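Here the Cβ positions follow ideal geometry from the backbone for every residue, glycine too, while neighbour counts run over all protein chains shown. Computed from the coordinates by the stated procedures, all read-outs in this text should not be read as laboratory data.
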Amino acid sequence: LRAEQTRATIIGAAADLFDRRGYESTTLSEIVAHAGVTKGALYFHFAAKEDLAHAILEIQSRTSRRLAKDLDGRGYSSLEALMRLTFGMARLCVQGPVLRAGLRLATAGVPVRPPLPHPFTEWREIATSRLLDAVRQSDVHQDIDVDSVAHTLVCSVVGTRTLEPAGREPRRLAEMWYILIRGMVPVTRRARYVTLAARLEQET
Amino acid sequence: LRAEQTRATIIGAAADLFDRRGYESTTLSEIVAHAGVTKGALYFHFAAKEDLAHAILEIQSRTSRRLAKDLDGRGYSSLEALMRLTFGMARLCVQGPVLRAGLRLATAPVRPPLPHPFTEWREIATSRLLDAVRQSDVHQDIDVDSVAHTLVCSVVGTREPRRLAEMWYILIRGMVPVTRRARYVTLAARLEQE
Amino acid sequence: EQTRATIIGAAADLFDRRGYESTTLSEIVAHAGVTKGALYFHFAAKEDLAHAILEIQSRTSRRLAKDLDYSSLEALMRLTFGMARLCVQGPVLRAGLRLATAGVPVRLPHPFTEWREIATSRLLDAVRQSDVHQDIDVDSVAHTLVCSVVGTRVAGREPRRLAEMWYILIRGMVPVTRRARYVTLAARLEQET
Amino acid sequence: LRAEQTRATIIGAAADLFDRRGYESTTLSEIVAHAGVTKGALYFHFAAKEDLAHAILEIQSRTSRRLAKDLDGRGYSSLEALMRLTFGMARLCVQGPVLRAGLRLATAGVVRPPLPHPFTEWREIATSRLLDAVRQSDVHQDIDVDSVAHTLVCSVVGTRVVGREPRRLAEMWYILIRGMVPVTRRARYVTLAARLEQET
DNA sequence: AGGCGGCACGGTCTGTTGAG
DNA sequence: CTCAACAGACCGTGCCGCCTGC
């Protein structure tokens, strides 16, 4: 019946088990423990734990797909919506147990279920195709890089940060943009983005 | 240490399998068949599987101690020694897999009390990017962190070192004074291939 | 229902080659077209499926038993070439043959002690009519008669595998009197198509 | 090699459970406890339990060739060999479950050369040894050897073991001499066949 | 520094029964 | 005749350290 809800009950806890322990360390006895289900109830929705990793990566590529287009519509444009794009994933990497594992389950092991659209080329091209918009609007410089800044961006956005608690993850991201707009914005409206960066910290 | 090359060829294949697979993805089955010796010889140089991910990181932080002292033996500027160190610590993670596994192991667990590479590399910059402020090659206002948090996926997220100097421009155009900026900008693009 | 004969016939082609025990209840459902909740309204067990596929065999061995209209020795030799033309006719019977060989969760009488006890009655009654010698160990015959037809493949030539096998018995069992009366009754039963 | 003392302990208890419960039911957790080893001591000798088939049917096949070199040119005829050989398999069909499992695995392994296959290796030794048993009497000049080949191999099944084998075979041979052998050596070939049973 | 062996879970999935 | 969930061993083997005759 409505026990289709009793399916993300393990995903929201297999991600916390994926992000903290890693992939090849998450025992299915441990995953099925942090949930409230039995060894066979997990198999009814997932063939292998490789199928629990390729489906948990769709909950990431589809939760940033509806936050990079549905977030638009009205308000923000070019290099102004790129900041709000990050200050929201930075929240869901803290206030959400799911997609903070997808950032790790995309470097320490790619899933093996066809097809394989890698999420890094989904960020090193959603930013590039939006970074290209800032040159034709005088929001950034014109002599700067065109493709060497995108892979530089989705990079410091990661920064691993695990090592440190999830309290300085959305607030250190504000320092990343603080240094970035120093070598991009043509100085005139440089403080127009610092005013936004220092205020996007404590929200989603 | 005479015929100790037995353990010198174990970590050579142990690092290649820790890179083209993973840590636990690689078992002792192939790691002794891909190397070329029995398990009875493996347990004469190493105590366990974790002692490999403890003898590989301690050769990654042993190379991060030789090249770190080879730039302080000439006469570089503190900011110059820091930026010619990120091009040296990136020309090694492209060729040899014996040091690429340390890039792969220290991500998905080091054995105590060895200093972790992330904690070490992030404090190598802070110590260097502070004497680079005492020489007034870096402004005093900007917080020095500003560290390896940005120089992370330089090789992870995968000409290639051209991406390294591409972000050095964005840093110098912000933390380095506008006068001494013309030096380190053209002295970082001076050579991206060596 | 009609599906009662569906999850038992499609489950017969997946029983012989696989070996029953190695046949998953998932592939049975997938190869029958039914559901995993439809099987358990008609069987409720994979053990109850074996007893269900042997009952359609033992009740077709006693359904061919209603043929007591020739000589008592012939009302048995005709069953031999009447059984070889059944275990090749479709997946059924063969799946019952494959199941009876290995572990049989039977109980429908015994798997083979019905073809050894009731395939000797239609032979002992052929002794009191003097088609079989009265001074032979008759129980020693049925215990060593239900093989051969089991075959060394458990080609396609099976009647000749049994016709030139029946001849060995009709030389030391059936008297020299009516010996050819059943020798010729094998080359004529050797032709099917 | 002490492993030979252990590898023989595992393969023996494995064939005992193969003879009774079959291959598709022999629990691996029950073998190591029925033999006296551990789950890993078995893996050092057998990866998967398909190697408990190419190691059991390897003995069943080699012991067939070891019961042919003892009867090479010993002095037996071309039919006296198959007579003292059918009671040769009657040995380890009761005294040892090893070869007893060999005369049972007719479904498992369904096929991979150069495995002799326990039926092509028994139809051959029957057919290619009756070609000389049709010359020096013993076999009539009309009995198709290729037809009794598929009959001779099945017949060794005998009983429920597919007792009751070492005595059911005696009647199986006595009822087969009368219908294949001349009436001059019919009472002479059943001679060392009624006595060729009171010990096997 | 051997070949042989000790336990234990890694995950895959099996034949099953309560919601409605 | 259904979609759901149920526990449980099924077989691999991974990783180690006991006494072990090639």
- Query: HN-Hα J couplings of segment A:194-202 from phi, Karplus 6.51/-1.76/1.60, θ = phi - 60°, integer Hz, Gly and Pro as x?
  - Reply: 5, 4, 7, 5, 6, 10, 7, 6, 8
- Item | Cα coordinate range in chain B, projected on the principal axes (Å, largest first) | 63, 33, 29
- Query: Tell me, what are the semi-axes, in whole angstrom and largest first, of the equivalent ellipsoid of the protein assembly as shown as set by the roots of 5 times the Cα gyration tensor eigenvalues?
  - Reply: 82, 32, 20
- Task: Report the FRET efficiency, 1/(1 + (r/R0)^6), for B:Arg66 and D:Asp72, where r is their Cβ-Cβ distance and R0 is 60 Å, rounded to 0.05.
- Result: 0.20
- Query: So how far apart, in nm, are the two label points at C:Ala45 and B:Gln193 if each is 7 Å from Cα heading toward Cβ?
  - Reply: 7.7 nm
- chymotrypsin sites (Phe, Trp or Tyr not before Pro) within segment A:1-77: DSSP coil, no more than 16 neighbouring Cβ in 10 Å: A:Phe44, A:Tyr76
- Message: From the phi angles alone, apply the Karplus equation (6.51, -1.76, 1.60; θ = phi - 60°) to segment A:88-93 and give each ³J(HN,Hα) in whole Hz, x where the residue is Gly or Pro.
- Response: x, 5, 5, 6, 5, 6
- Query: Based on the Cβ-Cβ distance from C:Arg181 to D:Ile143, what FRET efficiency comes out when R0 is 22 Å, to the nearest 0.05?
  - Reply: 0.60
- Across B:146-152, the residue-averaged tally of Cβ atoms belonging to other chains within 10 Å stands at 5
- Check cross-link reach from A:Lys39 to the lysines: straight Cα distance under 16 Å, and skip same-chain residues fewer than eight apart. A:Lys49
- Query: What are the ³J(HN,Hα) values, in whole Hz, obtained from phi via the Karplus relation 6.51 cos²θ - 1.76 cosθ + 1.60 with θ = phi - 60°, for each residue of segment C:3-14 in sequence order, with x given for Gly and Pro?
  - Reply: 5, 4, 8, 9, 7, 10, x, 5, 7, 8, 5, 8
- Message: Within 10 Å of each Cβ in C:92-101, how many Cβ atoms from other chains are there, averaged over the peptide?
- Response: 1
- Under the helix-only model (-39500 (n - 2.57) for each DSSP H run of 4 or more, divided by the residues of the protein assembly as shown), the mean residue ellipticity at 222 nm, to 500 deg cm²/dmol, is -13000 deg cm²/dmol
- Query: Taking the Cα-to-Cβ direction at B:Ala33 and at B:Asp131 and moving 7 Å from each Cα, how far apart do the two end points lie in nm?
  - Reply: 5.1 nm
- Work out the mean other chain Cβ neighbour count within 10 Å for the residues of A:175-183 and drop it here as an integer. 5
- Task: Under 4.7 Å Cβ to Cβ, no partner at all: give me those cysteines from the protein assembly as shown, in residue order.
- Result: A:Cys93, B:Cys93, C:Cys87, D:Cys93
